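Heads up, the chain below is alone and in the form deposited in one PDB entry; it's given as structure tokens.
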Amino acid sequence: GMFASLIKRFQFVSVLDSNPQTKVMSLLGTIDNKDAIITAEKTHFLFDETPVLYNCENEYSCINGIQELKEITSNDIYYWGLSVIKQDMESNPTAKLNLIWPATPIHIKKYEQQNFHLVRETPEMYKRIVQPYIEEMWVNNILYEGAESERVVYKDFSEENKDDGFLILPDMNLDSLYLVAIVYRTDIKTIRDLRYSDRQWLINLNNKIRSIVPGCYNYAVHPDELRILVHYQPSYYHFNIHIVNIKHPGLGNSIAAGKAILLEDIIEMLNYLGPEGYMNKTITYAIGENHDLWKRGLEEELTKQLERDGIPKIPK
């Protein structure tokens, strides 16, 4: 058919994304010299037509379709291996497969996933490389011009909170609750600007978030079921706090050590860093290759750090 025929003509150019968490792979290519994107995703296991009430009686349900097993290794009560399972177009297909063609630049930009590098960012690196970049720098539309006011979940209005206040809105199933609190202060561009003197304010924000969010969802999510965190590097240089259901099943990098830092941890660390706060911290995090800071000095500094630590690397 049409679909099969188009897939057969697909000429591979490059891999856009490979995600071992979700078992998704996206490929850039061409069909009739026009750009094309194929996305493939492994199917989930099947259950008989909570998860604790599912069943495994039917032919293709659960692990019933195993044709072949092979051990990797074992130890005491733990055994693990690999399996081949019977596939079938109607009852147990192997993967979902989508095609975008002709694909536009916007589609390609959407599906390309960048590579990351662990950097160790010292105070001096921040001052020399990062700080000047931040200064050279839609949030304001939301804060001061009413943009997306229909979507806002909570907003401070009183004169007392003109500076220390904030608003909360969703990020663009209750398990997948994901909100962002954007503060009214304009002098905090990243966690680097948090001083010891800001600690009580952060504690107050943490307490407000947990006092308010549950009531917005009729106490269907509890205050202790919110993973409240910030990012470094953040996606935008105006301080903001991510509020995520602790059970959110969707997420990978956005909640990962190396990117996300718990608000409670920010708070606790400010007891020890002295007056200038996170200005004094050496922060190890994952920086993306597409980020402007990579070529502005982080790459060069990482190679020097590896040399100092006596770590083997491939040269430039």
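All residue numbers are counted from 1 along the displayed sequence.
Just so it is clear, the following notes concern the form deposited in another entry, a form of the same protein that is not shown.
Two rigid parts of the chain turn against one another between the shown form and the other one, and the hinge residue out of 100, 87, 113, 256 is 113. A shift of at least 3 angstroms pushes the Cα atoms of residue 117 and residue 13 further from each other in that other deposited form than in the displayed structure. In that other deposited form, the CA atoms of residue 264 and residue 250 draw together by 3 angstroms or more relative to this form.
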